[PDB]
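Undergrad: First, the structure itself, so that you have it in front of you.
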Amino acid sequence: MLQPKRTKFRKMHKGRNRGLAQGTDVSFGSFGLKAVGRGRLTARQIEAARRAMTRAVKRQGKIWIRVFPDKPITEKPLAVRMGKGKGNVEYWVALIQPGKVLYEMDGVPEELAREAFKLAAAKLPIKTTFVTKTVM
Amino acid sequence: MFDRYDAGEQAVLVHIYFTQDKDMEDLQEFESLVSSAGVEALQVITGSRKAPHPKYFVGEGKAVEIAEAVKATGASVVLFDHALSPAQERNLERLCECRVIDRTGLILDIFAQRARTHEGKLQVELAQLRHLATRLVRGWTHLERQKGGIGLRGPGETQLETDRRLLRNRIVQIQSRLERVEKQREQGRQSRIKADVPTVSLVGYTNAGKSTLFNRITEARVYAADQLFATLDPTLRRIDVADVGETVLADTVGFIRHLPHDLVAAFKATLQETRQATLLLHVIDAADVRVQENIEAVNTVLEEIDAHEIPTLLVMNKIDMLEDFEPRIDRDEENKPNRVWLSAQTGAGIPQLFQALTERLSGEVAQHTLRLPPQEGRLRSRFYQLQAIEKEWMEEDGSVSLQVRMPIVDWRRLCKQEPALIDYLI
Amino acid sequence: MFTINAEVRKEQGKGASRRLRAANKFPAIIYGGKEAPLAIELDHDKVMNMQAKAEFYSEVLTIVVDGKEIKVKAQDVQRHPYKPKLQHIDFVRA
Amino acid sequence: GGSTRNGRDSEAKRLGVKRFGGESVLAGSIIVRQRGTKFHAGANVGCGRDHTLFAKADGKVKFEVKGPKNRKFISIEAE
RNA sequence: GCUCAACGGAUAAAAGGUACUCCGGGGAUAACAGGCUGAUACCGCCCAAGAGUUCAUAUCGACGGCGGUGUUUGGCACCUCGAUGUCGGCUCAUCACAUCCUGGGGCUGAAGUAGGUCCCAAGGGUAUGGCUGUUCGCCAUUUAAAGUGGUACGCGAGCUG
RNA sequence: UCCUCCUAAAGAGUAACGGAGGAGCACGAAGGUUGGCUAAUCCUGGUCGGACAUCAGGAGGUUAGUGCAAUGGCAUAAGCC
RNA sequence: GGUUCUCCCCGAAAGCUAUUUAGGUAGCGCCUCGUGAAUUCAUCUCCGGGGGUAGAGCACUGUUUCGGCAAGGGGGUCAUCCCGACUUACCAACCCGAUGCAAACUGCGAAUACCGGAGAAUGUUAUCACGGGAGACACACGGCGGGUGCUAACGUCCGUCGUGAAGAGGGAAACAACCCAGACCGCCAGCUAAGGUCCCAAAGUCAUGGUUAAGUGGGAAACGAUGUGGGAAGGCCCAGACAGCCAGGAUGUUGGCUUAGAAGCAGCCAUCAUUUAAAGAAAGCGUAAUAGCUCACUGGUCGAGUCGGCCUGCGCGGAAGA
RNA sequence: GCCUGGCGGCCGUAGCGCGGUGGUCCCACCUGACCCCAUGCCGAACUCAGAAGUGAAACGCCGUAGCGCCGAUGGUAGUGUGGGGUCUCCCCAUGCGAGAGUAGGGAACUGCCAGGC
């Protein structure tokens, strides 16, 4: 799930992770989960965190997923020898940099938001924090 | 492997459990549940008296037809109805462009889709290990092409005997895991029985309205659809009866038409609660035109799990849909030993089922009132706290008579070793 | 009140900014459009405590730099990515 | 099915660098495979074929941006 | 005049078997074992949707997360190809504790009996047979129990083949 | 064997059983010169015309096109008569 | 496989191309000897350049998320298109604002490196050309930039640098490749680099200021916690501050609903203040209903400190092998 | 010294939009075409011969920032060299230093020659 429908090329290079994140601030909603840390979030992890928050807020308020898994992470099978091409495309991840806000939410109070975001934070591998909207 | 077949993929409709020599002619019976499996009925291929060839388990004309159907539809998987030998399956998948996945392979796939717990997933994993063990050697031949036959030194046994031993170690491990799950089920059984709590287990044909019977009884929502194995997991909700008192019902997963014996043994190793149930709630449906083969097969499955020998309150489903004969309440005997034909899946037969709960509990009509102790206020408070009676009446000289009675227990506490020096009863 | 003591920056650059945040100051810039910009350093905890209130950004704010009481307003905020701290603020003279 | 194929080249870039004393015709920019982003103005017309810019006179290379479309042009100043 | 397309083209012209093999070399290169790694495997912990009459944590744990071991399938080809004998059984062992029994405890959805689960604990103990070459496995009958792993998947200058 | 892109680190180069695609031609005009002209796409009104034909107007500016892969190109057009 | 006496000087490579080639060989690059040549070559400074990498960015190519609204398409009544009954509380498509992704995207674009010119200083002409003799074309690790793998490996394949190879010596317990530094010989002479000064074992049981109480130092994550040290704020206060502690706490609110339980014990209506130092149509645990407890508050005289969160330094548990 | 036409430099502070304004000096329309020449038909366009008329359109000029466009300072990212912590990543010293925003700028400037007061 949460895989792009059309992709220009099937497999993509492994790459390295960027230094920091753009998209730090909360703009869609009042309350947010901002990652403090570097990592890869899988699509199953993103789905699990969103499911945790929506069960917590009980279909009240709106949840925004501000990240999307566009990175094809490819894995070779068991008992296969090295070489003989790249591996077949097994899952879709999103590279998370420090400072990236990943989830926004509105229409719930601050304590409900903080509980929902901590239940997401347990699911995600990266370390995260609660952030709130500010005026500039 | 963690990778699996893609859901929503096209498939042909040749594979309809056994078309012949098992069940009956039941094209439609497998067709409905495979629509529940998720492949749409674009084109159906049917074969009569299909020749059990040593080479393919089918004649070449039907092999050409099923190959043409799968390549014309563009379906990812070729499908075979009869459970066939792995080598004939290998010959057929060599002849076709796409590989053929077995009968029990797709039945395991739909079982894994319907399974939402690790206990059911462990049962499916055991049967999947059985099916994969049947087809491993033909699969491992292409791997041994890459191996080149190397590995002669070391394991001094025959070749693939070592990997057969590895599969056997998988069998040993999953036997240990299923024994652990059975230990958890035994702990749950010791939890649910208190030597005074009647328990009923809901069995029968799958998605035959037995879950809807539980829904009407307990007012707890069940999952009901055209799909088979919509209801899998048992849930236990307490309900109140006027005569029985307190009872609980657990919705055990039903049987497909002719469950395989491997699937029977798998769910029997998963749960023993059907055998350990004091009473059984069996719901038998007339969905097939030929009901008797269904009753015989499902009752033999119940005897395999030793639950038919437990008294079964038989629920005669589809009978209310036909309305050939109507449920009635009559006090014919104190046991009332009549086969209850009520179809309470719509809830039309629930008062007759309440009298059937009276028929399955100890239900003496005469109902001899117990002798009242001189201290009756504590007894009245206990009666009001446990179950306040719908009708309260008092006999002459202060005697209180009510429907719930415990005569043998009353005898044990009122006269075991007591001196009876006062001798109020003469 | 919303009045901050700030110091005019003796040195300017990447190393100067990092040494300032190590010494618990953060840089800021004041531009007016009628005279030259002035680059200042301010104590991070004080400007954080004032920016906690929204009236930091809403109304005018006064800075004292070298004894000149300069009235100014918050224009742009640069915050640290994964921490409470703020790196820089850009000020429009008012 | 197979992805391992590539063509070979060993020059497709500039050679004179705005201070060459390029003599007679010398390739300013060889196999550039384009004309607009490297056109020729000063040493009459270069760019005969394959869009290789050759100096029509001896002198120094000049790189400039000129024109409405802001294209950069290679010229040669004679002494 | 060249699908001399093995495209810097051996000649105009050329397929295989070898367990009957032989020679010169290689640990430059697979099989055993060791070694790095630990994806997989085993064990543990994190969140707790829930099943449990109600009650997330008596006992299980959904979707996901983080580790530990070297312990199964693998990855690599560092070591030995101027030789490190292959599974299994017999004889004899020795260690770790992720404890099968016996010992000491906590919770229990622990009345007693009997249990489940977890903690501490390595002193000792921890079957005989039918089948099959078998480790296994299934079966018969025991027992307090018939532990799990390491030791060149312990042990062929100890035995068997 | 050859061509194009990326790997390839802003000169050139650069490997793998790395990730994607092509070629083993075509045209004596699809070549040379001279003269002339610029398209995708949408809106509106109209023949047996309708998401889609042929026309007229307005937006849009190369989003077209290139004999064939991709990259570089291309208004002086290398695009079209 | 072996290849036999000595001393002095220089001193590589394990790459590219091709090969019936892959452990061989030829050319070139690299080594050595000889001859000739110009301030040739190098460093640095200044002046000329070209780029599309890192980074950014979202116009283009694809990809995303939200908020706006219909051209047309399920449909909502419609064998009502109503040339009008709203264009359904559907997708609106372009579009417009806001947010991200890219090796095969660029309206931007470095540091570096490369090339060219000029100027000193320095270098045993280091540079080029021709000729004589070769070896080598099996590389390893480490740092950086990457492909592949699992952001595995003492893995595999590249670019660049360093070291081994072919380099001893001191350090890292021992240790090709990591750090320091390049051995002509001799010295029972000093100074020092890395690393260290309690004994093994040469040199501080040095001086000052602070930290940790686990042998952290001297193996390991998510996660858990009134460990301990700082810092900036917040609530409260001798018109009295922090716990436990003794009194009150409504029957008109106890009115119904699985009935002599109706209320707060499934659920709902309901939440006036009378006679508020200070009183809930009871929050929780509940009570056989009936009991209760702690809290809205005051005397509590115990009398100056007490409650949580944020950032940060070092500790603790997670943490089991033959 | 005041405007129009041509040819250049410059190449969005140079363009687009909005509003006004100009006359046969120039320019564009305009009047005809069996002449020169022309249309896969097209005095559309191209030409030629020119009488009336018009500045509408086009064109030019003026004002307008509504946009395109330019655009600091400061900060950030990156990176060469030396060193440090070295889960994939960072930090320190030092030298260089973006892009994106931000304030602001912004309705072009200039040369040569012909015609008219």
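Quick reminder, even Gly has a Cβ in these numbers, built from the backbone with ideal geometry, and neighbours come from all protein chains shown. Laboratory data are not the source of any read-out in this text; all were calculated from the coordinates shown.
Undergrad: For chain B, calculate the relative contact order in percent as a whole number, restricting contacts to Cα pairs under 8 Å that are 6 or more residues apart. Intermediate results must be reported in sequence, preceding the final value.
TA: Details: 538 pairs, mean separation 47.3, N = 426.
Worked out over chain B, it gives 11 percent.
Undergrad: Under 30 Å between alpha carbons, and skipping anything fewer than 8 positions from B:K210 in its own chain: which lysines qualify?
TA: Counting by Cα, and skipping residues close in sequence, B:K210 has these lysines nearby: B:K22, B:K121, B:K183, B:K194, B:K268, B:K318, B:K336.
Undergrad: While we're on this one: Taking a ≥ b ≥ c as the square roots of the Cα gyration tensor eigenvalues, with a/c under 1.5 meaning rounded and otherwise prolate when a/b beats b/c, else oblate, which class fits region B:250-371? Display every interim value, and only then the final one.
TA: On the way: a/c = 2.70, a/b = 1.40, b/c = 1.93.
It is oblate, given that a/c is not under 1.5 and a/b is not larger than b/c.
Undergrad: Rule-of-thumb check for chain C: C-alpha Rg over 2.2 N^0.38 Å?
TA: Working it through for chain C, the quotient is 1.01.
Undergrad: Sequence-distant or interchain residues sharing an amide H contact under 5 Å with D:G28, placed H: which?
TA: D:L53, D:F54, D:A55
Undergrad: Let me ask another. Counting other beta carbons within 10 Å of each residue's own, what order do B:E296, B:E359 fall into, fewest first?
TA: Numbers: B:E296 10, B:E359 20.
Ordered from fewest to most neighbouring Cβ atoms within 10 Å, B:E296, B:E359 come out as B:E296, B:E359.
Undergrad: Show that you can apply the helix-only estimate: for the protein assembly as shown, add -39,500 (n - 2.57) for every DSSP H stretch of four or more residues, divide by all residues, and state [θ] at 222 nm to the nearest 500.
TA: Values: 20 runs with 229 residues, N = 735.
Value at 222 nm, helices only, nearest 500: -9500 deg cm²/dmol.
Undergrad: Follow-up question, since we're still on this one. So, in nm, how far is label B:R405 from label B:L425 when the simple model puts each one 7 Å beyond its Cα toward the Cβ?
TA: Between B:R405 and B:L425, the label points sit 1.3 nm apart.
Undergrad: Using Cα springs under 10 Å in a Gaussian network model of chain B, which residue among B:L313, B:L271, B:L166 shows the largest mean-square fluctuation?
TA: Largest GNM mean-square fluctuation: B:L166.
Undergrad: Hand me the tally of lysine pairs in region A:21-136: alpha carbons under 13 angstrom apart, and the pair either on different chains or 8 or more positions apart.
TA: 8
Undergrad: Next up: Plugging the Kirkwood radius over Cα pairs into Stokes-Einstein for region B:46-114, at a temperature of 4 °C and a viscosity of 1.567 mPa s, what D comes out in µm²/s? Before the final figure, lay out each step's value.
TA: Values: Rh = 12.4 Å.
Translational D for this selection: 104 µm²/s.
Undergrad: Relative contact order of chain D, please, whole-number percent, based on alpha carbon pairs below 8 angstrom and at least 6 residues apart. Could you put the intermediate results ahead of the total?
TA: Working: 170 pairs, mean separation 23.1, N = 79.
The normalised contact order for chain D reaches 29 percent.
Undergrad: Dividing the Cα radius of gyration by the Kirkwood radius, what Rg/Rh value follows for chain B? Could the numbers behind the result be given before it?
TA: Numbers: Rg = 28.4 Å, Rh = 25.7 Å.
When Rh is taken as the Kirkwood radius, the ratio is 1.11.
Undergrad: Rank by packing, highest mean first: peptides A:98-104, A:20-26, A:54-60, with packing defined as the count of other Cβ atoms within 10 Å averaged across residues. Could the numbers behind the result be given before it?
TA: Values: A:98-104: 24.4, A:20-26: 16.3, A:54-60: 13.4.
Those peptides, ordered most packed to least, come out A:98-104, A:20-26, A:54-60.
Undergrad: How big is the Rg/Rh ratio for region D:5-79, C-alpha atoms only, Rh by Kirkwood, two decimals? Spell out each step's value before the answer.
TA: Working: Rg = 12.5 Å, Rh = 12.5 Å.
That ratio is 1.00, to two decimals.
Undergrad: Which whole-angstrom value gives the distance between the alpha carbon centres of region C:18-75 and region A:1-59?
TA: Taking the Cα centre of each part, region C:18-75 and region A:1-59 sit 35 Å apart.
Undergrad: Follow-up question, since we're still on this one. Quick one: net charge of A:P77's neighbours, Cβ under 10 Å, K/R +1, D/E -1?
TA: On the way: positive: A:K76; negative: A:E75, A:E90, B:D3.
Taking every other residue near A:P77 into account, the sum is -2.
Undergrad: If you take the alpha carbon radius of gyration of region B:96-223 and divide it by 2.2 N^0.38 Å, what ratio comes out, to two decimals? Working shown, then result.
TA: Values: Rg = 21.5 Å, N = 128, 2.2 N^0.38 = 13.9 Å.
Taking N as the residue count of region B:96-223, the ratio is 1.55.
Undergrad: Sticking with the crude label model, points 7 Å out along Cα→Cβ, report the distance from D:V45 to D:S24 in nm, one decimal please.
TA: Each label point lies 7 Å from its Cα, and together they span 2.3 nm.
Undergrad: Among C:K83, D:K69, A:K118, which comes first, second and so on when ranked by fewest other beta-carbon atoms within 10 Å?
TA: Going from sparsest to densest Cβ surroundings: D:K69, C:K83, A:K118.
Undergrad: While we're here: Kindly put D:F54, B:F325 in sequence by how many other C-beta atoms sit within 10 Å of each C-beta, fewest to most. Mind showing how you got there, number by number?
TA: Numbers: D:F54 20, B:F325 9.
In increasing order of surrounding Cβ atoms, one gets B:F325, D:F54.
Undergrad: Let me ask something additional. When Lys and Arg each count +1 and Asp and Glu each count -1, what net charge do the other residues less than 9 Å away from D:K72, Cβ to Cβ, add up to? Walk me through the intermediate numbers first.
TA: Details: positive: D:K38, D:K66, D:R71; negative: D:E64.
Around D:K72, the charge tally is +2.
Undergrad: Using alpha carbon centroids, what distance separates region A:62-136 and region B:1-55, in Å?
TA: 40 Å
Undergrad: Could you work out how far the C-alpha centroid of region D:41-79 sits from that of region B:263-326, in angstrom?
TA: 94 Å
Undergrad: Separate question: Tally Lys/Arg at +1 and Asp/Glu at -1 over every other residue whose Cβ is under 15 Å from the Cβ of C:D90; what's the total? Please report the intermediate quantities before stating the final value.
TA: Working: positive: C:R9, C:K73, C:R79, C:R93; negative: C:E41, C:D76.
Charge balance near C:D90 sits at +2.
Undergrad: Any idea what diffusion coefficient region B:315-426 gets from Stokes-Einstein, in µm²/s, Kirkwood Rh on alpha carbon pairs, 4 °C, 1.567 mPa s? Mind dumping the intermediate values first?
TA: Working: Rh = 17.5 Å.
In µm²/s, the coefficient rounds to 74.
Undergrad: Quick one: work out Rg over Rh on the C-alpha atoms of the protein assembly as shown, Rh as Kirkwood radius. If you can, show how the numbers build up before the last one.
TA: Working: Rg = 40.6 Å, Rh = 35.4 Å.
The Rg/Rh ratio comes out at 1.15.
Undergrad: Relative contact order of region B:1-158, please, whole-number percent, based on alpha carbon pairs below 8 angstrom and at least 6 residues apart. Each step should come with its number before you reach the end.
TA: On the way: 153 pairs, mean separation 34.0, N = 158.
After rounding, I find 22 percent.
Undergrad: With the calculation restricted to Cα positions, what are the radius of gyration and Dmax of region A:21-136 in angstrom?
TA: Values for region A:21-136 (Cα only, Rg and Dmax): 16.3, 56 Å.
Undergrad: For labels at B:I389 and B:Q375 in the simple 7 Å Cα→Cβ model, what's the distance in nm?
TA: Placing both labels 7 Å beyond Cα along the Cβ direction yields 2.1 nm.
Undergrad: Counting other Cβ atoms within 10 Å, which trypsin sites (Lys or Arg not before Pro) in region B:138-172 have at most 16 and lie in a DSSP loop?
TA: B:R153
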